[PDB]
There are 2 protein chains.
Amino acid sequence: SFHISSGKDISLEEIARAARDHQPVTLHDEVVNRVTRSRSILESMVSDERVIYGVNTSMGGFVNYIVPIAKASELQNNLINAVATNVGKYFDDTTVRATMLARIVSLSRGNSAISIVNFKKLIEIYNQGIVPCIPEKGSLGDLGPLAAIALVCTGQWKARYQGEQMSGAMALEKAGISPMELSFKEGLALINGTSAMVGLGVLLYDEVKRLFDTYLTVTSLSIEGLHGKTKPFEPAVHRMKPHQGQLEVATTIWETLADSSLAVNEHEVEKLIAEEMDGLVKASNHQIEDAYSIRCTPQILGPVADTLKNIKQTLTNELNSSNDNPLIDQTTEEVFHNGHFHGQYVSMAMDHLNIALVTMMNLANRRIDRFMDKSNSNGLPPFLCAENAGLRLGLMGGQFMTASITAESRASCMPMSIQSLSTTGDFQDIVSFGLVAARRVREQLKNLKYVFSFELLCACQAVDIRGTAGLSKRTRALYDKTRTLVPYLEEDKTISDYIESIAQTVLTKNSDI
Amino acid sequence: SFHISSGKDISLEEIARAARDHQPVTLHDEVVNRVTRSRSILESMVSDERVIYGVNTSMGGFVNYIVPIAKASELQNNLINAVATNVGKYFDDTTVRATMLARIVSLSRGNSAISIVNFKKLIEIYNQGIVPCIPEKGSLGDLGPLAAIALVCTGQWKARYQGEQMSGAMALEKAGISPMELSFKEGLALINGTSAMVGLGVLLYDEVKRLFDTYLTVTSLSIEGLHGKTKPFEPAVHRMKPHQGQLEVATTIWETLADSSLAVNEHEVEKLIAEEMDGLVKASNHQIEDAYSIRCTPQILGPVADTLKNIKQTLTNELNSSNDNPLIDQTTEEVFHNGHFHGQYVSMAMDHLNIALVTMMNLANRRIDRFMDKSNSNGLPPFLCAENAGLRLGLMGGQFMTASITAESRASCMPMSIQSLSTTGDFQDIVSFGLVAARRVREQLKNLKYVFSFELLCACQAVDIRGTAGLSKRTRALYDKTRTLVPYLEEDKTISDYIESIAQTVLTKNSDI
Ligand SMILES: *N[C@@H](CC(=O)O)c1ccccc1
Ligand SMILES: *N[C@@H](CC(=O)O)c1ccccc1
């Protein structure tokens, strides 16, 4: 189970695992009491004739309209229907689950004044496995996406339950749940915050961080394949800049290659060159240092590791927040109108994640050109075609795939968090587009795994050609796992399925994404 | 003076001020001894027949060429000429100064093995006020820019000295300095790192952080102008999300507006609406909460403040680093080939700064539409034209300026740190473009001040129209300073010069940028 207790923050790793595995939510007692008290406070404010948005006023474009408390249910049902205007394909079950868990987390903090009955119902709908159909396109940053959920919670719209699409009412009946009856604030509290962009955003972070870690082992395997030198990865020289991500990356690679005899000892190369010295300017077959896609790996992936730490922190904070409006402070029993639904932090974080993904993409696209071009590959056969070159083209065509997906990805990396357009009579006049920002990352992550897959495919074929006796233990593990999906290739063969296989099996944890 | 002492890190604020003011560099004794020892170690390595890039090998495309120690001077002079291939307009004096101070900082750490004589000469050339002419376009991320400097240091190329452009040799003679004589490694050590993108990058950070701080007071003045409510800025509701930049932004605005009577007390508005309540659905002239460009200001500028903290840290770390190759560790007397010249951290930081600038731009462009459109301005006259509307157009045309520069800026925000193209026989196969990334930020910052200038111009005219008796102390200070440059406008007048004046005098610290 995914346990929510008061004041204990939820980690990205926990919510990603809960959403991938459909872990049930369980609540600590104090969470129940806080959610309940928040509603009691609101009710007492309504008796005190407080004026509160979405309780006795209308919303969005009609912010200035008074609406009687007696008409609450009807206003809340109108609200969740009116803003459910997303279109296009439906989110997968894992993203839907993550979204609803992020909403449950936000509401659990006791500042939203959702009733305890509807809060438990939201959890129960989640627990029993109902997955509202959430159309992916539209929304300003997540009314659309969350209103698709609120509608299913009330016995409307559509959902998947046990592998079948059916009406919201059919799914509730099958799951054994009565639909929610919404009173004042309640529609608003279920739909007014950042939970879709968070739910998608967290699942993307978790996937990316995992792929990054794996890619340091793909890198180490490349370096063995290219006979790159390991001395530039020594932690001692990286402690000469205070960048933390760089020093971590170099340390991991350095430790992974410590027992390789494929990776090259710079001191051995230095000796070869010193022995050629005779007081003349002349060319050598050896070179004291390698090309940047090898030697600059820590300086290039270090910023990626560091921007991942910052993204993790922003997502963690946005997940562990009261992203809803208005909000009730239980200590002072005060109500605040505020802007906590605004997704700018997540949207910005997504644009940074997009940039990080394309930076990794360029690196791996460039590794691939090192393997393909015999002038760059440090003694490997052209196109890694070891037998019958000319009669066969070898792996030359994989680069047609990667350079194209890299180019497409570079063109797709325009920041969404700056694209704000004003709507709703200019009430929503500056908006994040955080969920579009996250959907665009998701596309770029698919691209990244394709290009990674071909670097790894190259690296395996390259070490086969070098001889694998000298592989490090950790890189040999990766080489082995890949060799269970793709053979050494001594004849020309379509690699489309091989690449899909490595992407799916080596480079993926969350297969729904 | 700008004092360099061993192991004490230099702050961005100090190097920005040194570069703006042409503070002289002074050295702590230990820095002198460390720089000297680094050279002695290298010399002893050369005697030991070590093979070291740029000392007895050639560089870039000719990495694999052995070059005799006897030919060192000639190789280093060839190197600084061959890579000085920048074109276009010359960097201003402040950016040039910052660049050379960042280089001096990097070399001061004692890992570069530049001679103590050439190190002191670099400082002396800086101190006496010689400013090498550095063409801004070109370079992969800063051989071009730093080789323009290295050439002037050796009595070549061109420089500005005492307000005149002249040859490098003329400027040295006038300043009383003998040109540098370069021995092995020395050309390479002067040009091989990140100092131009750092020098520009730091000057941009400092300017931006200052403009941000000022813009929180421009915001507070806007909110007074628009009669926005201050309750959504209360720190208590912002502590309901753990985002630090957001809570800081709201706190600053909340404290700045504490003594305003122009900004609106939400409780007063709540009372007005409660008094209109009569059990019917109906429209009110009052609304319990405001549009996002007012109420979401902390949620929008908070990510900007937070990404500024991360940028500050990356720049601080890159400034306080040994960004040079190869490097000597003095403890173990070991030499490392490495990738520490790679600007990926700065280039990525610049792309984030670009995004932050456009996010602020959208916000202020949107504030401007609140002032211009009487449906949005909460009781201000259309286009802030209080007298003779129709006969006069008022300030309506300023928005033609800002929407255009905002649109242009949005189109210019494609990340440069992903644009890598391979060169140099694929030795430089993955590159940062960090200096282009910084130059593009610089352009966006000019744009930002134009749009800010018109928001502030609007805000002043708006509070004049409200009556300024109720201004907060801090916002009245800003209103006053602006009113020394631009009057209240009761007739139609070209604002081009007014806007330039506010940009230059209110919104600028570093006038060279
Ligand atoms: N997200 C709500 C606005 C607010 O909370 O200030 C909203 C906006 C538009 C329509 C319904 C609800
Ligand atoms: N920046 C140098 C390369 C290295 O240090 O590895 C370089 C690159 C090209 C030409 C000259 C020097």
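Methodologically, a virtual Cβ is constructed for each residue, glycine included, from the backbone with ideal geometry; neighbour enumeration extends over all protein chains shown. All of this is worked out from the model, or read from it or from the source named; these are not laboratory values.
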Those residues of region A:341-367 that are within 7 Å of chain B (Cβ to nearest Cβ) and farther than 20 Å from residue A:412 by Cα come to a total of 2
Surrounded by 23 or more Cβ atoms within 10 Å (Cβ to Cβ) and in a strand (DSSP E or B) - does that describe any residue in region B:184-204? no
Going through region A:230-245 in order, the residues found to be within 10 Å of chain B (Cβ to nearest Cβ) and β-branched (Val, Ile, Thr) are A:237
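Could you check region B:416-438 and list, in sequence order, the residues that are in contact with a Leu (Cβ under 8 Å, 6 or more places away or on another chain) and away from ligand 2 (no atom under 13 Å from the Cβ)?
Scanning region B:416-438 gives B:433, B:435, B:438.
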Going by what's in this entry, would residue A:397 be described as surrounded by fewer than 16 Cβ atoms within 10 Å (Cβ to Cβ) and closer than 17 Å to residue A:493 by Cβ? yes
Residue set A:347, A:322, A:260; condition in a loop (DSSP other than H, G, I, E, B) and under 20 Å from residue A:102 (Cβ atoms); output residue A:322
If you go through B:248, B:268, the only one that is more than 8 Å from chain A (Cβ to nearest Cβ), among the acidic types (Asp, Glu), more than 16 Å from ligand 2 (Cβ to nearest atom) and surrounded by fewer than 17 Cβ atoms within 10 Å (Cβ to Cβ) is B:268
**Study point:** Selection status of residue B:273, among the β-branched types (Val, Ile, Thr) and under 18 Å from residue B:379 (Cα atoms)
**Key:** yes
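In contact with a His (Cβ under 8 Å, 6 or more places away or on another chain), over 25 Å from residue A:321 (Cβ atoms) and within 14 Å of another protein chain (Cβ to nearest Cβ), is that true of residue A:56? Don't jump to the end; show me each part of the working.
On the way: in contact with a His (Cβ under 8 Å, 6 or more places away or on another chain): no; over 25 Å from residue A:321 (Cβ atoms): yes; within 14 Å of another protein chain (Cβ to nearest Cβ): yes.
It is false that residue A:56 is in contact with a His (Cβ under 8 Å, 6 or more places away or on another chain), over 25 Å from residue A:321 (Cβ atoms) and within 14 Å of another protein chain (Cβ to nearest Cβ).
For the structure I just gave you, tell me whether residue A:439 is surrounded by fewer than 21 Cβ atoms within 10 Å (Cβ to Cβ), of a type in the set (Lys, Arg), assigned by CATH to the domain that holds residue A:348 and within 28 Å of the chain's Cα centre (by Cα).
Answer is no for this residue.
What number of residues in region B:404-423 are crowded, with 16+ Cβ neighbours inside 10 Å and more than 11 Å from chain A (Cβ to nearest Cβ)?
Applying the first criterion (crowded, with 16+ Cβ neighbours inside 10 Å) to region B:404-423 yields B:405-406, B:409-410, B:413, B:415-420, B:422.
Pick out the ones that are also more than 11 Å from chain A (Cβ to nearest Cβ) and you get B:405.
Counting residues in region B:404-423 that are crowded, with 16+ Cβ neighbours inside 10 Å and more than 11 Å from chain A (Cβ to nearest Cβ) gives 1.
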Quick check on region B:355-374. Is at least one of its residues surrounded by fewer than 18 Cβ atoms within 10 Å (Cβ to Cβ) and more than 25 Å from the chain's Cα centre (by Cα)? yes
Scan region B:399-409 and tell me whether some residue there is within 16 Å of ligand 2 (Cβ to nearest atom) and aromatic (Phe, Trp, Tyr).
no
Does at least one position in region B:276-297 carry a residue that is surrounded by fewer than 20 Cβ atoms within 10 Å (Cβ to Cβ), assigned to a helix (DSSP H, G or I) and either away from ligand 1 (no atom under 16 Å from the Cβ) or not assigned by CATH to the domain that holds residue B:417 (or both)?
yes
Residue count, region B:317-335, condition touching a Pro at 6+ places or on another chain (Cβ under 8 Å) and either within 16 Å of ligand 2 (Cβ to nearest atom) or more than 7 Å from chain A (Cβ to nearest Cβ) (or both), comes to 2
Checklist entry - Given the structure, is residue A:338 touching a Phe, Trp or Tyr at 6+ places or on another chain (Cβ under 8 Å) and at the interface with chain B (Cβ under 9 Å from one of its Cβ atoms)? => result no
Within region A:424-464, of all residues that are more than 16 Å from ligand 1 (Cβ to nearest atom) and of a type in the set (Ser, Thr, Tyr), the one nearest to the other protein chains (Cβ to nearest Cβ) is A:450
